[PDB]
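Asker: Once you've had a glance at the structure underneath, I'll fire off some questions.
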Amino acid sequence: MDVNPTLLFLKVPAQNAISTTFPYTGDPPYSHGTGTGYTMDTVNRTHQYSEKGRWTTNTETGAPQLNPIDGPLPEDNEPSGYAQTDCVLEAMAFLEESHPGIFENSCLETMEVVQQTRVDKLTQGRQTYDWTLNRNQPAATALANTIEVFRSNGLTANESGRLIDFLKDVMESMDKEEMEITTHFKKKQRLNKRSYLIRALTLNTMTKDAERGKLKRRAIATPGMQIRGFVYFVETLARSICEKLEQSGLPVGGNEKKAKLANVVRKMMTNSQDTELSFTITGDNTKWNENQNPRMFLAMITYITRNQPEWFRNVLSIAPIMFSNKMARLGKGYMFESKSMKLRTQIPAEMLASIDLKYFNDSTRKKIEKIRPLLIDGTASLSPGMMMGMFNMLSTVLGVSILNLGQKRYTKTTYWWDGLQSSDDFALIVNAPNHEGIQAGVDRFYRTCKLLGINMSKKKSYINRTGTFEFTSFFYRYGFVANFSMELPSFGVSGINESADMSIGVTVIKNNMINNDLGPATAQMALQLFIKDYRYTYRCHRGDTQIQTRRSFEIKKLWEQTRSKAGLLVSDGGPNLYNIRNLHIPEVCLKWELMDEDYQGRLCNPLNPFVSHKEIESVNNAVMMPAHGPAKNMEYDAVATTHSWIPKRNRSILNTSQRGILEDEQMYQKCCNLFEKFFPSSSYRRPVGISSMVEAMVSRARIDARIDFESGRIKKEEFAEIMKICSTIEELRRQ
Amino acid sequence: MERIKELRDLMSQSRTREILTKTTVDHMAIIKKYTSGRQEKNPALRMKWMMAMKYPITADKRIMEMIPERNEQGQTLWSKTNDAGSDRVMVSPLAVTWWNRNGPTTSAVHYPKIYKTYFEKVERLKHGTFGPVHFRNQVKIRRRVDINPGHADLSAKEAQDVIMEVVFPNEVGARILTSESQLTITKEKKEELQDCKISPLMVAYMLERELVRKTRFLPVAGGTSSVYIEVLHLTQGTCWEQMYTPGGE
Amino acid sequence: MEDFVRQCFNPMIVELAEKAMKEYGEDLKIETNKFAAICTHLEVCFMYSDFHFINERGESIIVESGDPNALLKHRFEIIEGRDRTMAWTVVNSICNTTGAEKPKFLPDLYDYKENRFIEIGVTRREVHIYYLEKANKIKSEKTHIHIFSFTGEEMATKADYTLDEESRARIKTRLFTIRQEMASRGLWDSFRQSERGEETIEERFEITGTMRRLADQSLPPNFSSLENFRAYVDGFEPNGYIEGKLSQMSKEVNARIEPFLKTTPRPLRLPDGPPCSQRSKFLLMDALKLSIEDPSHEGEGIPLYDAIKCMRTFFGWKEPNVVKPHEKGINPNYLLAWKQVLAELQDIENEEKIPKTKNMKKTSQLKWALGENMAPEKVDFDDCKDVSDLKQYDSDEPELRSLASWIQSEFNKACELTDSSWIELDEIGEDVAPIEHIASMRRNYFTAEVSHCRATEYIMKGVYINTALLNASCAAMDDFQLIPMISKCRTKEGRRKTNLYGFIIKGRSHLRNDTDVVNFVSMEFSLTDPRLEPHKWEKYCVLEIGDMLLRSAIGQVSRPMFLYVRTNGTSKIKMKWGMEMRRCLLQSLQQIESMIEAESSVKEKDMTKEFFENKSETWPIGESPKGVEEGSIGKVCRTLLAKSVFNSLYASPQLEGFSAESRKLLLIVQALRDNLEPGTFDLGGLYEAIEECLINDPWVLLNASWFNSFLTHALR
Amino acid sequence: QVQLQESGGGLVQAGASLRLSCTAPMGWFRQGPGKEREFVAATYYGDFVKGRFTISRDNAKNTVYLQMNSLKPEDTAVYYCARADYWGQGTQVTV
RNA sequence: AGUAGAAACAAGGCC
RNA sequence: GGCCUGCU
């Protein structure tokens, strides 16, 4: 007899055992080298899906741009980006009519937010493409570098501390004859108008790793800092709009998505009488981002912001204006090998414009030949369409408009449709009195989608009777069925620290028990395995064992020293008291009454040199990138113990010409620590104002010395010493 | 005394003097987050990879003057080589366990008073009474429920001023809290935590967690109470219901 | 008017007033009289505060110039002259230290004698109105208020004047100096009434310059300016434009539904080529175990001593010789490496105490076997351009290979029971709730079912091997290291036992990226002759190292005993994911527990015990030439565990792609079997998407064969 | 304090139509004797009433409507509007 | 050789 | 041969 697990589906329905079809127990695919090939392929594919448009050359950037809008209507089922302006404007108008007051309200709240938003909001972001160094750097670092360059060039309106003023300075920089940047190898280099325009309109391309569910790798993009404020405002407007649309599912979580899917299916099927047939289409959109033209987003926003202050319209329109002229950096480059001479070489992507094509294979040779005409200063113009879901929410708005355009008031026919859209994925429930009606409805829906630059993937889509469908790895079969294979990768040690890892593991087990219908015995097994892996990872074994490690000696002496050994934490080699009933309690508090007072005091000592807290945002928040989803943050319950240390940093900056960044880091951190000691609320509430550091610090020294004498340790001798030391630092700052 | 003294020492050197002079208060946050350290994409892989090194964690410089450089057999506990972009020094994990067996001891009696939420959870569970398990299909319907069982009927911003006035009474600014509920909360949490020396930031964070109301959407069947939702994993399942009554009731 | 503040007042005050001007964001060129008025207010604040000191008594000491001493206390300490944030900082600090009441507006000074605030304001109008005006602005105030006015008069409540009168003569002399100096200037046409409390501003975000031209190039094809396009949008109204283009659009743009029937789906085509080879990092079906029967636990013990003790338990060693060559390497190197390992093992046996971890010598043998100094040296392009052989890295579709029957048998025997327990679980909090007791009983049942399973043994082998390899790579980056493959089990009798499959030599492991490869050489004992399925051992070199005698009724077999030696490699990501193989247990048993719960939701009672003991119900878990064979729930547990283990062992992008694109077709087939009239828009496209994932991986090809068999058995 | 005023209701024959309006999310609920308060509509509608009743709104002048078509003997009850925390007084509908 | 698979590893750089 | 780094 030959064993075959798949035959199990002959008795258990597919959805009731779908977890077996998710090989999420092995290493996910990773990219190894350059992503330049993928970037070039994506650029060429985006440009050839809109080949029948019209070509122009921008007078500012001098780059060739392709406009397919209002182009010839498609005559085949292949992907097409020839969106029609009038059709999309009409779709938005019908969306407004079905939801009166949506645009005006959303614009009002967006106007409030834009005029009260601060610059620091831009620091709350992941890697961004700093143009000062032409590389990806943390959002805060890139923002600081750009602000420094602007201030050195004379653009100091951002000193007002307002994001709108920062954007005003950004736009004013566009009209400057010559800017100056700094490079280390420090050298001051001058950038002319066109070079700075291209550096501000460019995107950095990388390869996406840890992407499960496809054989081929893809490319993703990261924009600069000049354009992120406009993107933030536009996405704020789009989120405020989608929050008023029940057909959208992008700005919500997973459980809300499931609830809305259940509600829509029940509404569609229940209202349908015996005569009307119902069919569900589990649709995926092929080349979703490559076929969405930024000009059409400009049209949608300018229709949304009608009868609004002109400044609001301008600030919200700046973003799509820059995306329509966006450029993409090709990537890291290409690495060549010569086996005859036994050597390797790494050529940067910027040489692709001039480098001969003898080194490249046929596929890459043709890709380079096709993309060369669009190469301007080492970057390729990508006007026709978006690169990687930067305007997720606006795309969801367009999809929701398409979905609502079939409310049976615009169809003008017996058939009708509804459903749920989340960018690149949708479920469409279509009802009609007969199979011919369903066919006509789906055909018209597809045709209308093709008029908006949205394509339906026929290969990854199928239609059945309502009651069974899929949506973003959520399988609905007369009710959503748990999978538990999507969350399997999150059952190990997170990698934050000991206490954080313990709390995160127990909380993940608890949550997957609540949401993903994890069984009790399975949860106990998960707890046991997690504890085993945790002890084997942090070298913290039970203590009563003879497992020799680098940490087994101190742990054993602590074990033999303690009297009530049941109170020792698993991190210190103690027994595990966790169970299904204790999954919502931190380890420290669960073992508090069992700890010896000496060990308890040594553990939770504020003066410990290991605990370090930076800001209110990073107290008990851990960023865990979930499998098959975007990066997410979780609140984990933990007590600040000596085990809450933060791990070592990379330390490879020491071998790079960018070595002075560490000295600047140290000096900035010293100044920030001094300010915090002067202003204790610096972390919890970020200080605001327009004065400089030393003014506030010296003046508060004055006052605090005064009052702490009026009652406290200070003495006249010390108070006068502080006053004249303040005068000394004053005259020092003078010179 | 000291604080202004390292201030003067910083202003002595030209670079830090320039940083202090030209940098305005508003930019405080930016430069504080200014770092070359990228946020890790795969934390688990490197935590499993770094812990195999010697000196994998980081600690303040003060550790060099509280913990000896080596233990009884000579296993090193800390190194004097500083981190990449900080004055902290890289140290071995043993320096943690050492601190828990011969490090300085204090009076942790006030931690229960600080971490009110967690200890209240423990007390509620310790006095709970279980019941028979009933096996029948559960119609889990998804609903918006409040998870925090100690929220004082305050929002984030609404309680943020209360938290500042409780911890940072001088940086409150214009705000003087009007609602009398906030008055009593301030009085109680002021007299209760009058000399607690854990940290201002952690105290503020835990006060925010305790007082601020927070809500999330979850699949529930029955219950719906704040105390009954924290144990939602233990009382409700796919085909079984476990009757439970927390210690509070 | 600004010429006056150019002339008279000192710098300090003028820049203080200029920063106060910047504070609230209004411009000085439009209205300057406010600047002069508030700078005079600030000047009176200084001149009233300075020159006034106190000592330990009350009765302020007044000195025209502060002498060098600790006695420089200031009688009145200023509030204004600071930012709003700091003004409120001082207010709150004074309130919290003085125990006084917090005012709602900005004071100007604080004093000790009377322990309270002073709000100085000198207005153009006479005092006896401005005083009570600001008084009714401030609610129930105990802070004393004092104001002057140009005529020279003073006033205050309580008839209180807080310091010397010569200072006030100073104030009013300053005041009339101001007055009869404007007399020379001539400003009272507006000086009395120049500020009325204007607060208004309009936010301006103007597109101009280059950024405007960009806006003119981001419009539809037939538009010339953003102004015109916005006007058109504002004037646009729906007039049935979607219908017109829908009618005009070609009818070939359709989404016709192709019915999906029993005869529609065709079997997935498998690639053809040379048979598929073995990819695992260790032997799974052909492993052999040398044991000692020690009482130590899994992690307890020292590796090298245990390995040597286990190997000494076997007698019959022969001089090794080549049996099956690598066919691409230098087998004599493998032979010499094996003999070197034996020699150095003896060398450890001789000395005092077995080292916890041993380093081996870097001979040419393992230099070749571990691929040392073979990475091409990195150079610059400008120095290597004329080399004809210089080209890209080989980037093409992997070699095509057809499925072989060995993977099927390997999976078959990976789901079989064993004579040992390969899982020793940790401790949990004592169960207190009845649901916890039910969970514990279920867990005990599953552990009894799966512990005696080859899948669990493979899990432990992989976890231990990858953990040791990762730790050695991170610790001994430079020097080659010896690691014996160890796994500890427990017999039926209950006696604990150790097992030594072989050895692993780890090489240089300077791993920077998650994809960087660490090469090692693995040696494993076995009894399976490699002359029967050679195509499965394409990358192995197999020697003959001894003879084994296992008790059998046919005299005694005296079988040969071979050594499978190969060069393999891994990476940080692969090591990390292989050291988390225990979650296969989770996956499998979560699936089984979901089955049990779903069935128990029907009958209102827990159904675990009868499922595991009666074994009445069975699921299709394989096909025999007679037909489909069904097994008890325990066999399903073992089968799913083996499937998860093989997923973790043979993981690859092919597996992910095939899994997704075959789950799609499985859902379609399930819809067909449920009588839900399934339909497809392009089924050929889906088939081509599935078939492109099957290239050379044995596991994915076996999965595809299983899928074809399931289709054949289904659709009936 | 925001408050709701129902209008509409009256006697109506079996199979006939009514328009309710509620001046001030938004929902309509109804209550008879014998049983309890019953959810009508919020667009979302409880199954018993689908296709028969249409809830609609007009933000512009603070009003929510219930169009009730194809009325039945069982549709007799007091109809209430509500909003999110608040209720109106009621208007009786008798079919 | 080996790992791996649309491009890489099989140490890097600095003296 | 000596020393530096391992997400920069």
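Protein chains in written order, with this note's numbering: chain W, 1 to 735; chain U, 1001 to 1249; chain A, 2001 to 2716; chain B, 3001 to 3095. We put the beta carbon where it would ideally sit given N, CA and C, even for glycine.
Would you check whether the ligand SAH has a heavy atom nearer than 7 Å to the C-beta of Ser-3007 (chain B)?
Answerer: You won't find the ligand SAH in this model; it holds no ligand whatsoever.
Asker: Would you give the residue range spanned by the alpha helix (DSSP H) that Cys-2474 (chain A) belongs to?
Answerer: Here the alpha helix (DSSP H) through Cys-2474 (chain A) covers 2454-2475.
Asker: Among A:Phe-2710, A:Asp-2697, A:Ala-2704, A:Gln-2670, whose alpha-carbon lies nearest the alpha-carbon of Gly-2622 (chain A)?
Answerer: With distances taken between Cα atoms, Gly-2622 (chain A) lies closest to A:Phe-2710.
Asker: How many angstroms separate the CA atom of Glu-109 (chain W) from the CA atom of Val-43 (chain W)?
Answerer: Rounded to whole angstroms, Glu-109 (chain W) to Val-43 (chain W) spans 36 Å at the Cα level.
Asker: Between the stretch 2294-2309 of chain A and the stretch 2514-2525 of chain A, do at least 3 Cβ pairs fall closer than 8 Å?
Answerer: Touching, no.
Asker: Are the stretch 603-611 of chain W and the stretch 1010-1019 of chain U touching by the rule of at least three beta carbon pairs closer than 8 Å?
Answerer: The answer is no - the stretch 1010-1019 of chain U does not touch the stretch 603-611 of chain W, with fewer than three Cβ pairs under 8 Å.
Asker: Since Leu-420 (chain W) meets chain A, which of its residues come closer than 7 Å, beta carbon to beta carbon?
Answerer: Ordered by position in chain A, no residue passes the 7 Å Cβ test against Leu-420 (chain W), which lies about 18 Å from the chain.
Asker: Is it buried or exposed for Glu-177 (chain W), if we count other Cβ within 10 angstroms and need 16 for buried?
Answerer: Result: exposed.
Asker: Mind pulling the chain A residues with CB within less than 7 Å of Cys-87 (chain W)?
Answerer: By Cβ distance, chain A contributes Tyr-2241, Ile-2242, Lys-2245.
Asker: Specify, as a first and last residue, the run of the alpha helix (DSSP H) that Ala-523 (chain W) falls within.
Answerer: Counting along the chain, the alpha helix (DSSP H) containing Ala-523 (chain W) begins and ends at 520-538.
Asker: Check whether the stretch 2524-2534 of chain A touches the stretch 2282-2296 of chain A, taking contact to mean three or more Cβ pairs, one atom from each stretch, closer than 8 Å.
Answerer: Result yes; three or more Cβ-Cβ pairs closer than 8 Å.
Asker: Could you check whether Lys-2536 (chain A) and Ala-2404 (chain A) sit closer than 8 Å to each other, using their CB atoms as the reference points?
Answerer: Yes, Cβ-Cβ distance for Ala-2404 (chain A) and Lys-2536 (chain A) is below 8 Å.
Asker: Can you pull the chain U residues whose beta carbon is under 8 Å from the beta carbon of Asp-2514 (chain A), in chain order?
Answerer: Correct list: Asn-1042, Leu-1045.
Asker: Specify the secondary structure class of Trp-55 (chain W) as computed by DSSP and reduced to three states.
Answerer: Reduced to three states, the DSSP call for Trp-55 (chain W) is strand.
Asker: Taking 8 Å as the threshold (C-beta atoms), are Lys-2362 (chain A) and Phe-2480 (chain A) in contact?
Answerer: Yes, the Cβ-Cβ distance between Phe-2480 (chain A) and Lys-2362 (chain A) is below 8 Å.
Asker: Name, please, each residue of chain B whose Cβ falls closer than 8 Å to the Cβ of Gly-101 (chain W).
Answerer: The answer, in chain order, is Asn-3059, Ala-3060.
Asker: Using a Cβ cut-off of 8 Å, which residues of the stretch 2424-2456 of chain A contact any Cβ in chain U, in chain order?
Answerer: Residues passing the 8 Å Cβ filter: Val-2432, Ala-2433, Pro-2434, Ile-2435, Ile-2438.
Asker: Which residues does DSSP pair with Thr-1024 (chain U) in a beta bridge?
Answerer: Its beta-bridge partners are W:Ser-692.
Asker: Residues in the stretch 666-691 of chain W with C-beta within 8 Å of chain A's C-beta atoms, listed in sequence order?
Answerer: Correct list: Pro-687, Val-688, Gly-689, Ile-690, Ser-691.
Asker: Where does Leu-568 (chain W) fall in DSSP's three states?
Answerer: Three-state DSSP puts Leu-568 (chain W) in coil, outside helix and strand.
Asker: Are the beta-carbon atoms belonging to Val-2253 (chain A) and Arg-444 (chain W) less than 8 Å from one another?
Answerer: Going by C-beta atoms, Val-2253 (chain A) is not nearer than 8 Å to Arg-444 (chain W).
Asker: Can you list, in chain order, the residues of its chain with a C-beta nearer than 8 Å to that of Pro-1093 (chain U)? Leave out the 5 residues immediately preceding and following it.
Answerer: Hits under 8 Å: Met-1051, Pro-1056, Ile-1057.
Asker: In whole angstroms, what is the alpha-carbon distance linking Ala-238 (chain W) and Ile-2138 (chain A)?
Answerer: Cα-Cα distance, rounded: 45 Å.
Asker: Comparing the C-beta of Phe-491 (chain W) with each C-beta of chain A, is any distance below 8 Å?
Answerer: With 8 Å as the cut-off, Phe-491 (chain W) counts as an interface residue toward chain A.
Asker: Does the beta-carbon of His-2437 (chain A) have 16 or more other beta-carbons within 10 angstroms, so that it is buried, or is it exposed?
Answerer: Classification for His-2437 (chain A): exposed.
Asker: How many angstroms separate the CA atom of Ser-240 (chain W) from the CA atom of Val-2127 (chain A)?
Answerer: Each residue's Cα considered, the two are about 54 Å apart.
Asker: Which residue's Cα is closest to the Cα of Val-1212 (chain U): U:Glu-1191, U:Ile-1229, U:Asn-1148, U:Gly-1085?
Answerer: Of the candidates U:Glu-1191, U:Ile-1229, U:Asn-1148, U:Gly-1085, the one whose C-alpha sits nearest the C-alpha of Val-1212 (chain U) is U:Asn-1148.
Asker: Using the C-alpha atoms, what's the distance from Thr-2639 (chain A) back to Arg-539 (chain W)?
Answerer: Taking the straight line from one Cα to the other gives about 33 Å.
Asker: For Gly-1247 (chain U) versus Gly-1131 (chain U), is the C-beta distance shorter than 8 Å?
Answerer: Contact: no.
Asker: For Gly-1074 (chain U), decide whether its Cβ has a neighbour in chain A, counting only Cβ atoms nearer than 8 Å.
Answerer: Cβ-Cβ to chain A under 8 Å: no for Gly-1074 (chain U).
Asker: Please say whether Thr-183 (chain W) and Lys-1033 (chain U) have beta carbons closer to each other than 8 Å?
Answerer: Contact flag unset, no.
Asker: How would you call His-1134 (chain U), buried or exposed, if buried means at least 16 neighbouring beta carbons within 10 angstroms?
Answerer: Counting Cβ neighbours within 10 Å, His-1134 (chain U) comes out exposed, since fewer than 16 surround it.
Asker: If the cut is a Cβ gap below 7 Å, which residues of chain W does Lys-3050 (chain B) touch?
Answerer: Correct list: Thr-270, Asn-271.
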